[PDB]
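Colleague: Here it is, the structure in full.
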Amino acid sequence: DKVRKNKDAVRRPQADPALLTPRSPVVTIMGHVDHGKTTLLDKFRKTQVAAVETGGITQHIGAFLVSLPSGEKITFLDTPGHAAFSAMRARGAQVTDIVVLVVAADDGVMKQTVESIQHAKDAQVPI
Amino acid sequence: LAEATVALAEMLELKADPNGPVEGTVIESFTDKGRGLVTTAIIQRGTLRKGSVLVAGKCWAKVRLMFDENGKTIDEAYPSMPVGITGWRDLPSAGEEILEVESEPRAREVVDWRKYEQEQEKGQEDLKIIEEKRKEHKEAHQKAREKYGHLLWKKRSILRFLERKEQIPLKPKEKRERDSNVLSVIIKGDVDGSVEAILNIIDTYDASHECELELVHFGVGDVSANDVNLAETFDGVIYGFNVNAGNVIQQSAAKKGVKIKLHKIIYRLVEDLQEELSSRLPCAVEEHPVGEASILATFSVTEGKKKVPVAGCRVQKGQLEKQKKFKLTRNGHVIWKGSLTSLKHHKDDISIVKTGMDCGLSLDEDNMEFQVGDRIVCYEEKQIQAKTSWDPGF
Amino acid sequence: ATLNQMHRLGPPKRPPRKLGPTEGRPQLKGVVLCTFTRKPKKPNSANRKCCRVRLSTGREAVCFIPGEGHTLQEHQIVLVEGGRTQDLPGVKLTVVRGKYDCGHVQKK
RNA sequence: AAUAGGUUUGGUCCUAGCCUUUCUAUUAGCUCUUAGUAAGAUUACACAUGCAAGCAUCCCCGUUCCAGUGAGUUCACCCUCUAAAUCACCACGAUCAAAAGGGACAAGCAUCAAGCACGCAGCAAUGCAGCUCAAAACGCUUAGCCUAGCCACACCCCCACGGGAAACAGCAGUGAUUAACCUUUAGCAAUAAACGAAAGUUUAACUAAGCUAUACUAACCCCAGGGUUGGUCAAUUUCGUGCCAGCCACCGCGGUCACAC
Ligand SMILES: Nc1nc2c(ncn2[C@@H]2O[C@H](COP(=O)(O)OP(=O)(O)OP(=O)(O)O)[C@@H](O)[C@H]2O)c(=O)[nH]1
Ligand SMILES: *C(=O)[C@H](CCSC)NC=O
Ligand SMILES: [K+]
Ligand SMILES: [K+]
Ligand SMILES: [K+]
Ligand SMILES: [K+]
Ligand SMILES: [K+]
Ligand SMILES: [K+]
Ligand SMILES: [K+]
Ligand SMILES: [Mg+2]
Ligand SMILES: [Mg+2]
Ligand SMILES: [Mg+2]
Ligand SMILES: [Mg+2]
Ligand SMILES: [Mg+2]
Ligand SMILES: [Mg+2]
Ligand SMILES: [Mg+2]
Ligand SMILES: [Mg+2]
Ligand SMILES: [Mg+2]
Ligand SMILES: [Mg+2]
Ligand SMILES: [Mg+2]
Ligand SMILES: [Mg+2]
Ligand SMILES: [Mg+2]
Ligand SMILES: [Mg+2]
Ligand SMILES: [Mg+2]
Ligand SMILES: [Mg+2]
Ligand SMILES: [Mg+2]
Ligand SMILES: [Mg+2]
């Protein structure tokens, strides 16, 4: 049996009920291009970043630890809406607990809105 | 919406053990010049502190600095917290799970076992390719050997010498010229997720027949000398995405002839990528019909001791011009393609014959046979800029 | 030579030892450009797998891939080392198996 | 080059080169139990952050030291003379030691052979026409050295008024780059330095720890791998391949009996 011994580090088994302590939710703002994802995030972040961007397009996934007025803390993952960043949207859906789908009323459902919904179904996260 | 989000989260009853080896996921990974290799991550189990040894795929780290979105150091990262982590000995891929290990030698042991597994998976893939190359060669070897029987090798070389006296092969240059329609690109990006996005767009290229897109090297960070050297080696083009190139790097590219193309928007960098592909494409000639004339009588003229066949033609629709190219048409078939050697009308050379003008037509090709009913269609050829067929979906 | 002749000249000056393709360095890093084959000089007959790589120094040399079979393609990264290939004239560099893209020869 | 060996030829002798056996140091691959000690960026490329020089009844002193690096490179040694400095102080001489003067001092290339004002006398005016060099002048390239250590540099322009311009060749750490990859520890308890009349304070010097088969020392109930196996050169069973695939430091092997793959 001259085979390399397995020395990998694996994920710990699911936490025991006793150990489990309540934690903050992770939320992702998913949607189509120029449907207001960043503008919505800014109002809760209380900071304006939309104007301070190249072309006003979100090309990165950023996690911000917002503190709600009630005293709760939420982590907002602002995903890009452009078609190029399909991988970024899938990765956001895999670490999120809730998906806030921003569907603009004027335009409605779009190609990337359906894609955002599909990623949520695969991750099985409430929308 | 804020109330609805809070309500649903409470219904979900989210809970995570806050103690024990840290678990997490990488959200972004990038290179900082001052802070080094940095990965933004979200904690999922346990609490992260300075000095925690972390493994993520083929990269491990010992937490040196923990900072928040604003850069302020944080002492602890409880579950479901965003936290930039420094101290990575290699750059983790985006989306890779993070696990905490007891010590640095244990981390290196874990990484050494993940690299080995990757090498075995590549090795098995390589084996099928090699077995294919080695099976083909063994057939060509058994065939040429079995050309003659299992006779003494001295005879086979002598019998082959008989057919070696009939053999004259030419060796092809070991280094062959890259064809004009080949675009080599170096992709450099600010963050790893941005680079993967551009690489997925380069995997949606379907017009390889007209022009080929080669990816020489991809990486994260500013343009470097190696990128300029790799671009000069393969005559490639460096595309920067939200990255900078210094005067030393930009000046070096001028001497080496490399083209650095720094962009900041992904639709801009793709449009420019398509403009370079279009340039490589071959110029699409546009054929515009100029005139049409039907032959009537064929004459044999003796000039300079040479018999010149002359096609007498009547221009029906349009006009014929000496410069514009011609083609011969036989009952719908295309017999010839070329230019007239001599255009002469009524013993006078006329460059442009109008509709209804009689003109004798002699071709430069003597093998062309002129009948009573042949047709000739003149045309003007204009090269037209050809655009790449590849569309990226946006 | 006489003692007076030996005094004028002086200690024998050892010719400066020449450097090889590695520039006096153990190994070097290079990028694969081509992947061809070469035939040995008489009396050996074979097709030997070689590759033209551009080193980090800037030069572009021909290297020999040892072992049975390989999957080296253009743009890959390989670590070269010294060691002449006796059959092949002008081949002075050898690719390091098990380093960078190049992988160990699969068993059997 | 040694106690030597192998290899020129059809063969012998002679000569001669290449290689082998020895010992180290990097790096690579495969592999790896512990303990203690030593040593520990590839790069004079660019540097986030934090710390690294204070003391003290106000003046002064100190931060010109240590620590660091190796770009450049005959300022380092001896003699003469003689400042600053210590010996509380005037004085004394001693000690230490710069500048100045004399001497000495790397390697390669002569396909660098001539340099071009490099000398003397005289109080001065000024006069004479010399001076160095095939025993290597002038010059070019390379390099830190002669190691209780020393020299030199201190982002660059030898220098630093000035300018470019905005400096980790201080510790830790990073980016780029390279075959080359140490912790963004603690404490002033010991020694050293600074300040102070002093108790004392300070110090990323240092001490004590951390990482790492680089090296040495020691050990272990369990726990061994790596490379060799034609000769040189210690040591191969049986298959498979069939001048193919592949191998060797050298000579060489493989064409259906391969101690060489
Ligand atoms: N009138 C109006 N304009 C809005 C509203 N929400 C957003 N916008 C505008 O829509 C545009 C796009 O806003 P962004 O915040 O960039 O939208 P996004 O969906 O995050 O964009 P990507 O990141 O490119 O996908 C901006 O000009 C906003 O001012 C709204 O409720 N009303
Ligand atoms: C030749 O001269 C040409 C022949 C026409 S046959 C109908 N006519 C005029 O130039
Ligand atoms: K936009
Ligand atoms: K042979
Ligand atoms: K030096
Ligand atoms: K200087
Ligand atoms: K002390
Ligand atoms: K004082
Ligand atoms: K056999
Ligand atoms: Mg946005
Ligand atoms: Mg040989
Ligand atoms: Mg012989
Ligand atoms: Mg000999
Ligand atoms: Mg010193
Ligand atoms: Mg004195
Ligand atoms: Mg002196
Ligand atoms: Mg010459
Ligand atoms: Mg030097
Ligand atoms: Mg200076
Ligand atoms: Mg510096
Ligand atoms: Mg440092
Ligand atoms: Mg680094
Ligand atoms: Mg080392
Ligand atoms: Mg301290
Ligand atoms: Mg220590
Ligand atoms: Mg080793
Ligand atoms: Mg064998």
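Here, A, B, ... name the chains of the structure tokens in the order displayed, residue numbers run from 1 inside each chain, and ligands are numbered from 1 in the same displayed order.
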Among region 43-93 of chain C, which residues does DSSP mark as strand (DSSP E or B) when it is run on the backbone? Keep the chain and numbering as in the structure and answer as a PDB file with N, CA and C atoms, in the first residue's frame.
Modeller:
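What ended up in states.pdb:
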```pdb
ATOM      1  N   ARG C  48      13.740  11.917 -30.485  1.00  0.00           N
ATOM      2  CA  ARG C  48      13.843  12.393 -29.115  1.00  0.00           C
ATOM      3  C   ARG C  48      13.005  13.647 -28.932  1.00  0.00           C
ATOM      4  N   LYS C  49      12.154  13.633 -27.914  1.00  0.00           N
ATOM      5  CA  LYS C  49      11.256  14.750 -27.657  1.00  0.00           C
ATOM      6  C   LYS C  49      12.042  15.925 -27.102  1.00  0.00           C
ATOM      7  N   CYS C  50      11.952  17.059 -27.783  1.00  0.00           N
ATOM      8  CA  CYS C  50      12.634  18.274 -27.385  1.00  0.00           C
ATOM      9  C   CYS C  50      11.640  19.423 -27.418  1.00  0.00           C
ATOM     10  N   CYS C  51      12.076  20.581 -26.936  1.00  0.00           N
ATOM     11  CA  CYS C  51      11.207  21.747 -26.895  1.00  0.00           C
ATOM     12  C   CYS C  51      12.048  23.006 -26.868  1.00  0.00           C
ATOM     13  N   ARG C  52      11.613  23.995 -27.634  1.00  0.00           N
ATOM     14  CA  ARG C  52      12.265  25.292 -27.683  1.00  0.00           C
ATOM     15  C   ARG C  52      11.577  26.211 -26.683  1.00  0.00           C
ATOM     16  N   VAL C  53      12.324  26.662 -25.683  1.00  0.00           N
ATOM     17  CA  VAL C  53      11.790  27.500 -24.621  1.00  0.00           C
ATOM     18  C   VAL C  53      12.600  28.782 -24.553  1.00  0.00           C
ATOM     19  N   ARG C  54      11.932  29.868 -24.179  1.00  0.00           N
ATOM     20  CA  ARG C  54      12.594  31.136 -23.923  1.00  0.00           C
ATOM     21  C   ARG C  54      12.805  31.251 -22.423  1.00  0.00           C
ATOM     22  N   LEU C  55      14.063  31.365 -22.017  1.00  0.00           N
ATOM     23  CA  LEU C  55      14.422  31.403 -20.614  1.00  0.00           C
ATOM     24  C   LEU C  55      14.132  32.779 -20.026  1.00  0.00           C
ATOM     25  N   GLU C  60      16.628  32.039 -26.139  1.00  0.00           N
ATOM     26  CA  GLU C  60      15.665  31.046 -26.605  1.00  0.00           C
ATOM     27  C   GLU C  60      16.455  29.833 -27.061  1.00  0.00           C
ATOM     28  N   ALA C  61      16.416  28.772 -26.264  1.00  0.00           N
ATOM     29  CA  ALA C  61      17.214  27.580 -26.491  1.00  0.00           C
ATOM     30  C   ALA C  61      16.317  26.367 -26.692  1.00  0.00           C
ATOM     31  N   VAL C  62      16.955  25.241 -26.995  1.00  0.00           N
ATOM     32  CA  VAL C  62      16.279  23.977 -27.239  1.00  0.00           C
ATOM     33  C   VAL C  62      16.531  23.064 -26.052  1.00  0.00           C
ATOM     34  N   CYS C  63      15.462  22.511 -25.501  1.00  0.00           N
ATOM     35  CA  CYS C  63      15.532  21.646 -24.337  1.00  0.00           C
ATOM     36  C   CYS C  63      15.048  20.245 -24.678  1.00  0.00           C
ATOM     37  N   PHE C  64      15.451  19.294 -23.845  1.00  0.00           N
ATOM     38  CA  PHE C  64      15.113  17.888 -24.004  1.00  0.00           C
ATOM     39  C   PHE C  64      14.215  17.447 -22.857  1.00  0.00           C
ATOM     40  N   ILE C  77       4.864  26.628 -18.498  1.00  0.00           N
ATOM     41  CA  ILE C  77       6.020  27.013 -17.701  1.00  0.00           C
ATOM     42  C   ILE C  77       6.743  25.750 -17.265  1.00  0.00           C
ATOM     43  N   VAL C  78       8.045  25.697 -17.528  1.00  0.00           N
ATOM     44  CA  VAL C  78       8.867  24.554 -17.163  1.00  0.00           C
ATOM     45  C   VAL C  78      10.158  25.052 -16.532  1.00  0.00           C
ATOM     46  N   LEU C  79      10.721  24.229 -15.654  1.00  0.00           N
ATOM     47  CA  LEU C  79      12.004  24.498 -15.021  1.00  0.00           C
ATOM     48  C   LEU C  79      13.069  23.678 -15.730  1.00  0.00           C
ATOM     49  N   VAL C  80      14.078  24.350 -16.264  1.00  0.00           N
ATOM     50  CA  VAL C  80      15.134  23.683 -16.996  1.00  0.00           C
ATOM     51  C   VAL C  80      16.348  23.540 -16.093  1.00  0.00           C
ATOM     52  N   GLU C  81      17.210  22.595 -16.449  1.00  0.00           N
ATOM     53  CA  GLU C  81      18.459  22.383 -15.747  1.00  0.00           C
ATOM     54  C   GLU C  81      19.523  22.038 -16.773  1.00  0.00           C
ATOM     55  N   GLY C  82      20.745  21.880 -16.299  1.00  0.00           N
ATOM     56  CA  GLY C  82      21.842  21.531 -17.161  1.00  0.00           C
ATOM     57  C   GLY C  82      21.923  20.046 -17.407  1.00  0.00           C
ATOM     58  N   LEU C  93      20.351  21.483 -22.461  1.00  0.00           N
ATOM     59  CA  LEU C  93      19.401  21.772 -21.402  1.00  0.00           C
ATOM     60  C   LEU C  93      18.394  20.639 -21.285  1.00  0.00           C
TER      61      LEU C  93
END
```
Colleague: Can you build me a table of chain D residues sitting at most 7 Å from ligand 8, with the closest atom pair per residue and its distance in Å to one decimal, using only C-alpha atoms (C1' of nucleotides) and all ligand atoms, sorted by chain and residue number, as a Markdown table?
Modeller:
```
| residue | atom | partner | partner_atom_place_in_ligand_line | distance |
| --- | --- | --- | --- | --- |
| D:55 | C1' | ligand 8 | 1 (K) | 5.4 |
| D:56 | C1' | ligand 8 | 1 (K) | 5.0 |
| D:60 | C1' | ligand 8 | 1 (K) | 6.6 |
| D:61 | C1' | ligand 8 | 1 (K) | 5.3 |
| D:195 | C1' | ligand 8 | 1 (K) | 5.0 |
| D:196 | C1' | ligand 8 | 1 (K) | 6.3 |
```
Colleague: Please produce a file of the residues just selected, as a PDB file, in the first residue's frame, where the atoms kept are C-alpha atoms (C1' of nucleotides).
Modeller:
```
ATOM      1  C1'   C D  55      17.740  62.244  29.413  1.00  0.00           C
ATOM      2  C1'   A D  56      17.156  66.062  32.773  1.00  0.00           C
ATOM      3  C1'   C D  60      23.826  71.880  27.619  1.00  0.00           C
ATOM      4  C1'   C D  61      24.892  66.947  26.155  1.00  0.00           C
ATOM      5  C1'   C D 195      21.618  61.289  29.797  1.00  0.00           C
ATOM      6  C1'   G D 196      21.742  62.504  35.052  1.00  0.00           C
TER       7        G D 196
END
```
Colleague: Let me make sure I understand: among D:27, D:111, D:191, D:7, which one has the smallest atom-to-atom distance to ligand 11 if we use only C-alpha atoms (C1' of nucleotides) and all ligand atoms?
Modeller: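 The answer is D:7, which sits nearest to ligand 11.
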Colleague: Counting only C-alpha atoms (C1' of nucleotides), which residues in chain B sit no more than 7 Å from chain D? For each one, give the nearest pair of atoms and the distance in Å, sorted by chain then residue number, as a tab-separated table.
Modeller:
```
residue	atom	partner	partner_atom	distance
B:32	CA	D:175	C1'	6.8
B:33	CA	D:175	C1'	3.9
B:34	CA	D:48	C1'	4.3
B:35	CA	D:174	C1'	5.1
B:36	CA	D:174	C1'	4.9
B:64	CA	D:184	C1'	6.5
B:141	CA	D:244	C1'	6.9
B:153	CA	D:255	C1'	5.7
```
Colleague: Restrict the selected residues to N, CA, C and O atoms and save them as a tab-separated table (two decimals), in the first residue's frame.
Modeller:
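To be explicit, this is the file written out as result_36.tsv:
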```tsv
chain	number	residue	atom	x	y	z
B	32	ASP	N	-2.00	43.32	-3.04
B	32	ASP	CA	-1.70	44.68	-2.62
B	32	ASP	C	-0.19	44.85	-2.54
B	32	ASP	O	0.52	43.99	-2.01
B	33	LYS	N	0.30	45.98	-3.06
B	33	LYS	CA	1.74	46.20	-3.10
B	33	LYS	C	2.33	46.33	-1.70
B	33	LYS	O	3.44	45.84	-1.44
B	34	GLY	N	1.60	46.96	-0.79
B	34	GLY	CA	2.09	47.14	0.56
B	34	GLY	C	1.71	46.00	1.49
B	34	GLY	O	2.53	45.53	2.28
B	35	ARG	N	0.47	45.54	1.38
B	35	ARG	CA	-0.04	44.50	2.27
B	35	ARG	C	0.10	43.10	1.69
B	35	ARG	O	-0.14	42.13	2.41
B	36	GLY	N	0.51	42.97	0.43
B	36	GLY	CA	0.73	41.67	-0.17
B	36	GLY	C	-0.53	41.00	-0.67
B	36	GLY	O	-1.43	41.66	-1.20
B	64	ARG	N	-2.04	37.65	9.47
B	64	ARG	CA	-1.19	38.75	9.90
B	64	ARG	C	-2.00	39.99	10.26
B	64	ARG	O	-1.80	40.57	11.33
B	141	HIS	N	5.28	2.56	-37.05
B	141	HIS	CA	6.54	1.84	-36.92
B	141	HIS	C	6.38	0.37	-37.27
B	141	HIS	O	7.23	-0.20	-37.97
B	153	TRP	N	18.30	-7.27	-40.16
B	153	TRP	CA	18.19	-5.82	-40.31
B	153	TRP	C	19.13	-5.30	-41.37
B	153	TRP	O	18.87	-4.26	-41.99
```
Colleague: To one decimal in Å, tell me the separation between CA of residue 366 (chain B) and CA of residue 299 (chain B).
Modeller: 13.5 Å
Colleague: May I have the residues within 10 Å of residue 17 (chain A) as number ranges by chain, using only C-alpha atoms (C1' of nucleotides) and disregarding those fewer than 2 positions away in the same chain?
Modeller: A: 14-15, 19-21; B: 15-17
Colleague: Produce a file of the selected residues containing C-alpha atoms, as a tab-separated table (two decimals), in the first residue's frame.
Modeller:
```tsv
chain	number	residue	atom	x	y	z
A	14	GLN	CA	-22.43	20.15	11.36
A	15	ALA	CA	-22.45	21.98	14.68
A	19	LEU	CA	-23.08	24.76	20.41
A	20	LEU	CA	-25.18	26.67	17.88
A	21	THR	CA	-25.43	30.35	18.81
B	15	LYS	CA	-27.18	29.85	14.12
B	16	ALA	CA	-23.48	29.02	13.97
B	17	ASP	CA	-21.06	27.73	16.58
```
Colleague: Residues of chain B within 8 Å of chain A, counting only C-alpha atoms, what are they? List them as a ChimeraX atom specification.
Modeller: /B:5,9,13-18,23,25,27-28,42,55,69,79-82,95,99,101,109-111,113-114,193-194,197-198,200-201,264-266,393-394
Colleague: Which polymer residues have any atom within 9 Å of an atom of residue 112 (chain D), counting only C-alpha atoms (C1' of nucleotides), with same-chain residues fewer than 3 positions away left out, as a ChimeraX atom specification?
Modeller: /D:109,138-140
Colleague: I need the chain D residues near chain C as a PyMOL selection string; criterion: at most 10 Å, counting only C-alpha atoms (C1' of nucleotides).
Modeller: chain D and resi 26-30+107-108+135+178-179+243-249+253-254
Colleague: I'd like the contact shell of region 169-178 of chain B - 8 Å cut-off, only C-alpha atoms (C1' of nucleotides), skipping same-chain residues fewer than 2 positions apart - returned as a ChimeraX atom specification.
Modeller: /B:167,180,182 /C:34,36
Colleague: Restricting the output to N, CA and C atoms, write the selected residues as a CSV table (one decimal), in the first residue's frame.
Modeller:
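Listed below is the output, again_32.csv:
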```csv
chain,number,residue,atom,x,y,z
B,167,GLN,N,14.1,8.2,-52.2
B,167,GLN,CA,13.5,9.1,-51.2
B,167,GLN,C,14.3,10.4,-51.1
B,180,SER,N,-0.7,35.4,-39.6
B,180,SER,CA,-1.1,36.7,-39.3
B,180,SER,C,-2.4,36.7,-38.5
B,182,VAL,N,-3.7,35.5,-35.9
B,182,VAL,CA,-3.5,34.9,-34.6
B,182,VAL,C,-3.3,36.0,-33.6
C,34,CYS,N,7.7,25.7,-28.8
C,34,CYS,CA,7.4,24.7,-29.7
C,34,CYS,C,7.6,23.3,-29.0
C,36,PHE,N,8.9,19.7,-30.8
C,36,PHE,CA,9.3,19.0,-32.0
C,36,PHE,C,10.0,17.7,-31.6
```
Colleague: Within 9 Å of ligand 16, counting only C-alpha atoms (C1' of nucleotides) and all ligand atoms, which protein or nucleic acid residues do you find, written as a PyMOL selection string?
Modeller: chain D and resi 75+98-100
Colleague: Please, which residues have at least one atom within 8 Å of an atom of ligand 19, using only C-alpha atoms (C1' of nucleotides) and all ligand atoms, listed as a ChimeraX atom specification?
Modeller: /D:154,159-160
Colleague: May I have the residues within 12 Å of ligand 25, computed using only C-alpha atoms (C1' of nucleotides) and all ligand atoms, as a VMD selection string?
Modeller: chain D and resid 37 to 40 182 to 183 185 207 to 211
Colleague: Generate the output file for the selected residues, N, CA, C and O atoms (P, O5', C5', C4', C3', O3' and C1' of nucleotides), as a PDB file, in the first residue's frame.
Modeller:
```
ATOM      1  P     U D  37      18.644  25.859  22.476  1.00  0.00           P
ATOM      2  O5'   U D  37      20.003  25.815  21.650  1.00  0.00           O
ATOM      3  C5'   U D  37      21.209  26.311  22.204  1.00  0.00           C
ATOM      4  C4'   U D  37      22.397  26.032  21.321  1.00  0.00           C
ATOM      5  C3'   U D  37      22.583  26.924  20.106  1.00  0.00           C
ATOM      6  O3'   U D  37      23.191  28.165  20.399  1.00  0.00           O
ATOM      7  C1'   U D  37      22.813  24.683  19.449  1.00  0.00           C
ATOM      8  P     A D  38      22.575  29.513  19.795  1.00  0.00           P
ATOM      9  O5'   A D  38      23.203  29.590  18.336  1.00  0.00           O
ATOM     10  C5'   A D  38      24.581  29.865  18.160  1.00  0.00           C
ATOM     11  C4'   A D  38      25.115  29.287  16.875  1.00  0.00           C
ATOM     12  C3'   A D  38      24.730  30.013  15.600  1.00  0.00           C
ATOM     13  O3'   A D  38      25.483  31.186  15.368  1.00  0.00           O
ATOM     14  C1'   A D  38      24.498  27.688  15.291  1.00  0.00           C
ATOM     15  P     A D  39      24.734  32.553  14.989  1.00  0.00           P
ATOM     16  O5'   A D  39      24.438  32.416  13.433  1.00  0.00           O
ATOM     17  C5'   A D  39      25.491  32.206  12.510  1.00  0.00           C
ATOM     18  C4'   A D  39      24.993  31.599  11.223  1.00  0.00           C
ATOM     19  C3'   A D  39      23.904  32.368  10.493  1.00  0.00           C
ATOM     20  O3'   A D  39      24.391  33.406   9.667  1.00  0.00           O
ATOM     21  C1'   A D  39      23.285  30.102  10.652  1.00  0.00           C
ATOM     22  P     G D  40      23.579  34.786   9.566  1.00  0.00           P
ATOM     23  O5'   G D  40      22.333  34.428   8.643  1.00  0.00           O
ATOM     24  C5'   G D  40      22.511  33.914   7.334  1.00  0.00           C
ATOM     25  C4'   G D  40      21.269  33.214   6.846  1.00  0.00           C
ATOM     26  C3'   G D  40      20.040  34.085   6.654  1.00  0.00           C
ATOM     27  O3'   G D  40      20.002  34.726   5.395  1.00  0.00           O
ATOM     28  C1'   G D  40      19.468  32.086   7.808  1.00  0.00           C
ATOM     29  P     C D 182      12.461  33.933   4.130  1.00  0.00           P
ATOM     30  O5'   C D 182      11.265  33.820   5.175  1.00  0.00           O
ATOM     31  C5'   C D 182      10.843  32.557   5.679  1.00  0.00           C
ATOM     32  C4'   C D 182      10.855  32.517   7.190  1.00  0.00           C
ATOM     33  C3'   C D 182      10.058  33.632   7.869  1.00  0.00           C
ATOM     34  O3'   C D 182       9.308  33.097   8.958  1.00  0.00           O
ATOM     35  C1'   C D 182      12.258  33.581   8.715  1.00  0.00           C
ATOM     36  P     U D 183       7.730  32.833   8.814  1.00  0.00           P
ATOM     37  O5'   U D 183       7.111  33.524  10.105  1.00  0.00           O
ATOM     38  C5'   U D 183       7.060  34.941  10.214  1.00  0.00           C
ATOM     39  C4'   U D 183       6.429  35.388  11.505  1.00  0.00           C
ATOM     40  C3'   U D 183       5.995  36.851  11.540  1.00  0.00           C
ATOM     41  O3'   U D 183       4.766  36.990  12.254  1.00  0.00           O
ATOM     42  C1'   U D 183       7.504  36.431  13.301  1.00  0.00           C
ATOM     43  P     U D 185       3.812  41.733  15.600  1.00  0.00           P
ATOM     44  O5'   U D 185       4.397  40.477  16.378  1.00  0.00           O
ATOM     45  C5'   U D 185       5.414  40.646  17.352  1.00  0.00           C
ATOM     46  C4'   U D 185       5.393  39.529  18.358  1.00  0.00           C
ATOM     47  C3'   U D 185       5.822  39.900  19.765  1.00  0.00           C
ATOM     48  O3'   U D 185       4.784  40.474  20.533  1.00  0.00           O
ATOM     49  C1'   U D 185       6.989  37.977  19.088  1.00  0.00           C
ATOM     50  P     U D 207      22.363  38.574  21.954  1.00  0.00           P
ATOM     51  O5'   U D 207      21.565  37.973  23.191  1.00  0.00           O
ATOM     52  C5'   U D 207      22.033  38.162  24.512  1.00  0.00           C
ATOM     53  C4'   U D 207      20.905  38.281  25.505  1.00  0.00           C
ATOM     54  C3'   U D 207      19.870  37.176  25.497  1.00  0.00           C
ATOM     55  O3'   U D 207      20.293  36.001  26.161  1.00  0.00           O
ATOM     56  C1'   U D 207      18.798  39.270  25.654  1.00  0.00           C
ATOM     57  P     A D 208      20.306  34.600  25.388  1.00  0.00           P
ATOM     58  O5'   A D 208      18.840  34.025  25.602  1.00  0.00           O
ATOM     59  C5'   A D 208      18.289  33.934  26.904  1.00  0.00           C
ATOM     60  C4'   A D 208      16.782  34.005  26.892  1.00  0.00           C
ATOM     61  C3'   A D 208      16.062  33.103  25.910  1.00  0.00           C
ATOM     62  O3'   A D 208      15.959  31.760  26.342  1.00  0.00           O
ATOM     63  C1'   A D 208      15.114  35.257  25.837  1.00  0.00           C
ATOM     64  P     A D 209      15.792  30.591  25.257  1.00  0.00           P
ATOM     65  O5'   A D 209      14.230  30.562  24.950  1.00  0.00           O
ATOM     66  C5'   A D 209      13.758  30.503  23.615  1.00  0.00           C
ATOM     67  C4'   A D 209      12.357  31.039  23.491  1.00  0.00           C
ATOM     68  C3'   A D 209      11.623  30.730  22.190  1.00  0.00           C
ATOM     69  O3'   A D 209      10.999  29.463  22.154  1.00  0.00           O
ATOM     70  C1'   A D 209      11.505  33.022  22.579  1.00  0.00           C
ATOM     71  P     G D 210      11.092  28.578  20.817  1.00  0.00           P
ATOM     72  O5'   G D 210      10.279  29.428  19.742  1.00  0.00           O
ATOM     73  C5'   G D 210       8.877  29.603  19.863  1.00  0.00           C
ATOM     74  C4'   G D 210       8.278  30.217  18.623  1.00  0.00           C
ATOM     75  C3'   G D 210       8.586  29.508  17.315  1.00  0.00           C
ATOM     76  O3'   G D 210       7.716  28.424  17.059  1.00  0.00           O
ATOM     77  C1'   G D 210       8.991  31.822  17.073  1.00  0.00           C
ATOM     78  P     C D 211       8.273  27.089  16.366  1.00  0.00           P
ATOM     79  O5'   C D 211       8.467  27.495  14.840  1.00  0.00           O
ATOM     80  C5'   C D 211       7.344  27.806  14.032  1.00  0.00           C
ATOM     81  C4'   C D 211       7.747  28.330  12.677  1.00  0.00           C
ATOM     82  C3'   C D 211       8.709  27.472  11.876  1.00  0.00           C
ATOM     83  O3'   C D 211       8.089  26.384  11.218  1.00  0.00           O
ATOM     84  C1'   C D 211       9.401  29.726  11.794  1.00  0.00           C
TER      85        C D 211
END
```
Colleague: Taking only C-alpha atoms (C1' of nucleotides) and all ligand atoms into account, list the residues no farther than 12 Å from ligand 12, as a ChimeraX atom specification.
Modeller: /D:7-11,251-252
Colleague: Return as a PyMOL selection string the residues belonging to chain B that are within 6 Å of chain C, counting only C-alpha atoms.
Modeller: chain B and resi 126+130+216
Colleague: Take the selection from the previous step and output its residues with N, CA and C atoms, as a PDB file, in the first residue's frame.
Modeller:
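Wrote out38.pdb, looks like this:
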```pdb
ATOM      1  N   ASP B 126      -3.279  13.519 -18.849  1.00  0.00           N
ATOM      2  CA  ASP B 126      -2.127  13.474 -19.742  1.00  0.00           C
ATOM      3  C   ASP B 126      -1.855  12.063 -20.247  1.00  0.00           C
ATOM      4  N   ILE B 130      -1.119  10.998 -24.062  1.00  0.00           N
ATOM      5  CA  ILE B 130       0.155  10.385 -24.423  1.00  0.00           C
ATOM      6  C   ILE B 130      -0.067   9.001 -25.021  1.00  0.00           C
ATOM      7  N   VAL B 216      -1.843  33.762 -23.712  1.00  0.00           N
ATOM      8  CA  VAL B 216      -0.472  33.465 -23.312  1.00  0.00           C
ATOM      9  C   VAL B 216      -0.376  33.332 -21.798  1.00  0.00           C
TER      10      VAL B 216
END
```
Colleague: Could the residues of chain D that have an atom at most 8 Å from ligand 5 be listed as CSV, each with its closest atom pair and the distance in Å to one decimal, counting only C-alpha atoms (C1' of nucleotides) and all ligand atoms and ordered by chain and ascending residue number?
Modeller:
```
residue,atom,partner,partner_atom_place_in_ligand_line,distance
D:70,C1',ligand 5,1 (K),4.0
D:71,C1',ligand 5,1 (K),6.5
D:72,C1',ligand 5,1 (K),6.6
D:73,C1',ligand 5,1 (K),7.4
D:143,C1',ligand 5,1 (K),7.6
D:144,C1',ligand 5,1 (K),3.5
D:152,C1',ligand 5,1 (K),7.8
```
